[PDB]
Amino acid sequence: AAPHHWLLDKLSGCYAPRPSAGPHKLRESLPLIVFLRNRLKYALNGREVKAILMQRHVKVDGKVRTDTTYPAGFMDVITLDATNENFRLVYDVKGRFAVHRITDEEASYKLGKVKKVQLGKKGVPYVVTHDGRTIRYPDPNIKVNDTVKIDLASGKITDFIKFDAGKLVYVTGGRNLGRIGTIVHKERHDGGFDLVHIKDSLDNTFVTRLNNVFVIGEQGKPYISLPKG
Amino acid sequence: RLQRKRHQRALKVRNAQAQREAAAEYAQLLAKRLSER
Amino acid sequence: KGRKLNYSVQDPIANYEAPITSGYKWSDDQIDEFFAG
Amino acid sequence: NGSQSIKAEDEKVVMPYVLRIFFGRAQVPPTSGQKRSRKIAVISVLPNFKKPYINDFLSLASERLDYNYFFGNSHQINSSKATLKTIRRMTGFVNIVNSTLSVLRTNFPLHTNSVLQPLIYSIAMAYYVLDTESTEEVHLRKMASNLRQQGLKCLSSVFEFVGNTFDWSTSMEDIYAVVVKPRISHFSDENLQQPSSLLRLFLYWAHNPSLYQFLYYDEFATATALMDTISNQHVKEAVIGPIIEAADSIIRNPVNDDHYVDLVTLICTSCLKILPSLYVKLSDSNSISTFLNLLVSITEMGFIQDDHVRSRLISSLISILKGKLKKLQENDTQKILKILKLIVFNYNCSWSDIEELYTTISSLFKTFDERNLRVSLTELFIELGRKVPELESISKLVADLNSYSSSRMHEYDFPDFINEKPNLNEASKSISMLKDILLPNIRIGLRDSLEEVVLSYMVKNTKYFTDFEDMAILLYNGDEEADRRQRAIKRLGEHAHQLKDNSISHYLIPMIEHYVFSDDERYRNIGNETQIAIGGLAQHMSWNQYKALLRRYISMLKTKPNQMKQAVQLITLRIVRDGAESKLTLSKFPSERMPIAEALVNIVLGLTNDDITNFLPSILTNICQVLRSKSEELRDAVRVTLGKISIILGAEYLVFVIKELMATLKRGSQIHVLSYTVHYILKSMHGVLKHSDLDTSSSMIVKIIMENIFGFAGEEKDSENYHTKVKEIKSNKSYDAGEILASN
Amino acid sequence: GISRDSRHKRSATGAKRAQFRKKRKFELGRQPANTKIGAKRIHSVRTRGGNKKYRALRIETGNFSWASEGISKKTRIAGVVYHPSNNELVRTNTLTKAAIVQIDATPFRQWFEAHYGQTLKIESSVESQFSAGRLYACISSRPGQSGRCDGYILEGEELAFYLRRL
Amino acid sequence: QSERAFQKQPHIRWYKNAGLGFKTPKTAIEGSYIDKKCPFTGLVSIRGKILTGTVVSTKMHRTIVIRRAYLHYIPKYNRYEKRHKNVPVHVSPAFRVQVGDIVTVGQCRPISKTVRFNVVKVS
Amino acid sequence: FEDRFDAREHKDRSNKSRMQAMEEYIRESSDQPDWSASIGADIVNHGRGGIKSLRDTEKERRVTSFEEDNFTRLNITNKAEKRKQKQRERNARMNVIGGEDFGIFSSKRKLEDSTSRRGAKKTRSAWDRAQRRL
RNA sequence: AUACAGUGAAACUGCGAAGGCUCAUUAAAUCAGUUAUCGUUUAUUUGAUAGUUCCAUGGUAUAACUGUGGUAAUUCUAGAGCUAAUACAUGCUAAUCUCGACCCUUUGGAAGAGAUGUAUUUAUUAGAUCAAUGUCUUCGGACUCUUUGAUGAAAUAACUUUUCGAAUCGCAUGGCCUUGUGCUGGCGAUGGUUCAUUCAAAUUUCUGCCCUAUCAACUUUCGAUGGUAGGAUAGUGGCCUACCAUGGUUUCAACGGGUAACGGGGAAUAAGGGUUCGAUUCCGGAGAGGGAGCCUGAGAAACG
């Protein structure tokens, strides 16, 4: 009854935890019970993960948010107070949620793909992201599928990454879900299979969608740290 | 009752002096972005 | 003129009521000598 | 209750004028004090009593806005209003500086002035109260210090009151009593005037007519003072000319020239300002510019000068004769200005203008030959009128040629100033040649021949109406001139005008070839005409996207040859914009409605890219951007880009064939594209039949040979189950033929 | 009303054997409330959470808009003479959207005499109604959904556009 | 160009642009045609996907019946049986489409029972 | 057409082709030892069951690893145990003789069809087989 | 503890039950994925988000409760008397925002003019230019056609029986001397209008394994096919009605024929040898005695 992304062992139970509503969707997130209890194993059961949630160790996106099924989606920096645990969780190359450990100056921010820019009411420019941070007043040159950098103390955009040909992009969606390498090709079609294409070890080619891909930095310099093997 | 009449009015004028000033305080940042653009 | 004036026979109204034999209390000769003019 | 009282105001008109005046009289009887305040001023006032007075002014505003025609006005309401306004002024200017109740009574006073201006906004030419001077003296003694108070972009309490008092018939009695226009003119002649200065100027311009139609000699002297203000405000309508509301200036200047002639220096200043009205902004319309030039002529008919304004009016006619706008109405006003400018040059100008502008007759061609046989020594307005006739005004073709030749004869008989006049002739002929004209382009070519008075035969054979042997001799003359920035730009402009999208004629390839040959012969002049070659390539690059891209693609490819010769000569420049234009060509490559032109554009970018080390870093990616549209399953576009790639291989050297083959094999890689894209290198190896007996690594091409003849391709071609692939003649017995004179 | 579904009817291919389903809640067709003239009564019906819907049946105070200046002012209703979305609808004299209904134009007289002074540049076949009182005006607002009667006056082009019709 | 009642007019001559690589002809920017559901002036907005094919019939007005044959790699009887599709489409003031005439359409806002596509191109 | 996220094609299967004869040959030619138990420790119910098979001790090692790894005893879940424990022990006493399962020799399942005779490196060209050798 | 003070039958309250059996046989229309909704609803999740004030606190009317009773009798009752609210419903409320004539030079703004919302439903329109590294240098400038960038192709005239501008709490005596609660004065949770997200639903693009031409015509016989307008809608929609046109699908398989459609379709887990046994979601839709009509809710044609 589980998805593939959670890295959930089959010998666990019968009812799978539906995440509650929140920032991200159901299909692109993992809740805190499947995060803490059975992935990096700070708990043994739902009772004691509710106990540490009542103790309020979790500090995801700089706020506490004491809830069992809180849908932590892409790169919400899970922060735990004891042993200064800073966790940025991204996608691995085979579809799961690889939770990388980072440090404090990297967990002081996150980034987010812009979805739409609106002239909503009363002359106010407007920007949303995958956690829905409706932050005030970016520059006019925010296209769709660019990348804002959230402040995580206040909410303001601090840095901006422009989407164009020659940018380091992350793909979350479809049969390319979780690949990095961002350059063999660029092809913007007019309604589907439109993208920037991603290399491999032998620099192979790949096809995805615009909304299923979003930028993380430059060719060699992302200010996100990434795990390795 | 009257102490609540003190605190209600004080929190109301403080809410005004926070919100209605902060709104123009980021509208001026929009003005800086528009001047630089 | 599709649904307009279907000259068909319909099921529940075919015996919805029943007639009467004498009907008018007048005679038909009383009709003729009633509105000859 | 504000919405309820607004409903009561929206339904507070249903009763008659008697009941409306009765309700207004009851509203007046709240805190009038006519026993105490109808003499001079009030007895006492309070904060809450002024709040009843501020509410009374607000109720007066609401009543006037509801009944905004009649309003039920009464002298009791007028006295209550004057008492409230005087009490507001008295309380505001007599209370101490604590500013709370003072700003309350000040926003009571501005709202009461707004309600007072609403009464004249509603019932202006209805009452016209004969006891106006009571309220007039009250408001004057209140607002004496409002001298420059109403000078802003939005200050419209007393400025709107002054405009209302000035825009009436007999309510200007309080204006012409002592002063309205004095304080209005003080704030008008204030130097920090915002765009209400034009409103005040239009109000005084409309209000001078009531002061002129007034029989009173005081108002006659006030109209004289309004004309004196029009003469003393000679900087306001100059500095405030930021919009297209110059019709107010043209309506005052015609009114001033028709009204008052008071000084010869004033008439010279008016003529110089109306000369700046045509030499300040190019967005002046026809009627406004005609009335401005007619007002300059009307000031010149009274009190013009003999040398300075003579030359100023001559420059005005020298601009207006090159204009001649609005179906000879501006030409008739220019002839009147030339006949009023009062000089010997102006006398010859009026003669030679009236002898040609005689209502569509043969006197134009008569007068051209007349002044040719009797050539005048003024020659400035003569060259203007004979260059407007040499432009696209159909008649006087041979007369235009004779006029240009006679101007050249005078410029040679001078032997300095008339050579600078020939510089203006060349700067006019340049914009004439870069145009869509037919007769005037030939007249500009005749002027080029007269300035050239081998080269003269070349010019007369370019203007020979033959165009086949003529264009062949033009190409041979370009070859002789190859074996000049503006001059070659003008020659190439005339050639591009004779071959400017005229696709109902043949030899357009040789015409664009002659254009590119003259561009190359100008680009060889690197010390002078490198900038002109860059500008010509830039204009051709703009034409490569501006709605037509067939011959402009070959123009781009053949203007790349100047870059190729320059890079071969260099063996410092600006690589940045060249690389950005290469990116723009790569974006035009991904267009395919422009596939063949885009393949030639890729060839053009590769011909231009011959830098020091950037031709190593980008040529493989350029070959990738070329072949990515031909490995794209197209029966004709693959062949056209194969022709472009064979031209690219013939252009590039043997050091680039390795990068070309590697990029082609890295772009086309899939099975059943490996059996079709051998035609690429089949064409390319024969395109490079002119390389020496050193070669590339050739492991790539022997890999191509082995995969296309051995194993699966052997099974595929030696089976009998494939429909049709016309690029498979087995195609592979050619690469060793390419390589035997190069590699082994 | 009944329904909103394609299941009861045939598509662009001509299919049969429907016998589909018990109709759901979200195929809700309410009764057609033909709005008339009367005393102002609006039924406040519920849908989709607290989505109150104003179903007007007997509305009078039409806010009709002077066109050339855009002055939406308050008036009464007389009757619709032409509306061939149902040619019996004008026989029964209801009041729906896009109908051409007659108005006693006395507040428009008041506004003209109030912001122009004199009484009567405007077209002659509407100057006749400026004199008489009843002018033609077409309803914009939806009394069956928003519960209101707003509209726009007929001024010249749109006037003759309807007068040549009927 | 007015054969029906009820103020045949644009609904706020009027002109807009959907963008995204589809031209608006000059009569459809400034012309007497109403453009009620033609997407260049229109009331509809563009979205979705864009399909291309030739036509079969254009008999009724505001009905463009496209045909659409396309390749599909059949593995069952290992031969390609040829595709055919149909879609009705509203008119545009740019081309009286006759038989043949490969044209393309964009998905928007169901107009009749079966049309979500309106013509944006002719070539 | 378009892509659709398929965990059944980027999921580690590795069991359609795991044949015990190939795995036994790999254990023979492995040249690294095999982690066998101290010899009495792997018989089960005083000999009432078998010894235990190699797959059963692999599965037991996995269960005890998961067991210690997240501190939870597994259970007596009725449907899964009535399937798997009873069917497993009955085919164990059928086919496992002395710690060795001989069930495979009584089973039709082609070796070379699924688990040998490579499908990706099929080398359907003379040139591709020539380059695969050299 | 003489206006409250702990146990607490029976009453109001917050929520609980938050998803269970049988019966007649639907061929991508039941289903699964997918495209979209600037074509739409949304409780809860999450991020954001309020400026109109004339000559010390507002009203009776009902419970529970007592008391008198009826009836064989109910979570059936009726009179009479009181009594409370975050129940009902009328109503008490400092002055700050820009342009800046003037500046006295830094402690710089005094005068004047223009201000000030939401929720509902109506119309006009804001939504072609200037800056250089260069055309000619006459080492000055009219500069955009060239060489590159930029503002850029909700402001207002009205309705509506209009919602509001905190009768919520916690942590912190803290600062001031207006000579007494005179101003309290710092922050955080709950409010509170609106937007977006999330959740879910409805439509909608396309794709997906029986044999079928002895099913070759169907569709206008629940509008057939489309156009225009209205109604109803959560909105798109012949979804329904007026008018108009005679369309539309099909041999490139329309439309129609049945079951090992108690079986099948990935609907899914796969198992270290069982090769169509071997994990499951769903057979189709209904039904709460029988059809019909109505009501409630973020969600329903309700297992209550």
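The first residue you see is number 1, and the count goes up from there.
Every residue gets a Cβ built from N, Cα and C, even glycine.
The annotation ubiquitin cross-link is assigned in Swiss-Prot to F:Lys8, F:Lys26, F:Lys36, F:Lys37, F:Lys59, F:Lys76, F:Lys85, F:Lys113, F:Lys121.
Look at the recorded sites F:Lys37, F:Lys59, F:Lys85, F:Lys113, F:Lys121 and count other Cβ atoms within 10 Å of each Cβ; F:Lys59 has the fewest. There are 8 other Cβ atoms within 10 Å of the Cβ belonging to F:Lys26 (ubiquitin cross-link).
Under 8 angstroms separates the C-beta of F:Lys113 from a C-beta of chain E, among the recorded sites F:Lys36, F:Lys85, F:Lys113. Checking Cα-Cα distances from F:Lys36 (ubiquitin cross-link) against the recorded sites (F:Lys8, F:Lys26, F:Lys59, F:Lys85) with a 10 Å cut-off leaves F:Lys8, in sequence order. With every protein chain in view, the residue among the recorded sites F:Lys8, F:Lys36, F:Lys76 whose Cβ has the most Cβ partners within 10 Å turns out to be F:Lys36. The Cα atom of F:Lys121 (ubiquitin cross-link) lies nearest to that of F:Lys26, taking the recorded sites F:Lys26, F:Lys59, F:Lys76, F:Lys113 as the candidates. Secondary structure at F:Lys121 (ubiquitin cross-link), as computed by DSSP, is strand. Comparing Cα positions, F:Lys59 (ubiquitin cross-link) lies closest to F:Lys113 out of the recorded sites F:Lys26, F:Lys76, F:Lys113.
Taking the C-alpha positions, the distance from F:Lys85 (ubiquitin cross-link) to F:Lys37 (ubiquitin cross-link) comes to 23 Å. In space, F:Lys37 is the closest of the recorded sites F:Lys8, F:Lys37, F:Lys76, F:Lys113 to F:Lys26 (ubiquitin cross-link), judged by Cα positions.
Under DSSP, F:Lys26 (ubiquitin cross-link) is assigned to a helix (H, G or I) in the three-state scheme. The shortest Cα-Cα distance between F:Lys113 (ubiquitin cross-link) and any of the recorded sites F:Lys8, F:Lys37, F:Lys76 is the one to F:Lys37. Looking at F:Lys8 (ubiquitin cross-link) and F:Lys37 (ubiquitin cross-link), their Cα atoms lie 13 Å from each other. The secondary structure of F:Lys59 (ubiquitin cross-link), as reduced to three states from DSSP, is coil rather than helix or strand.
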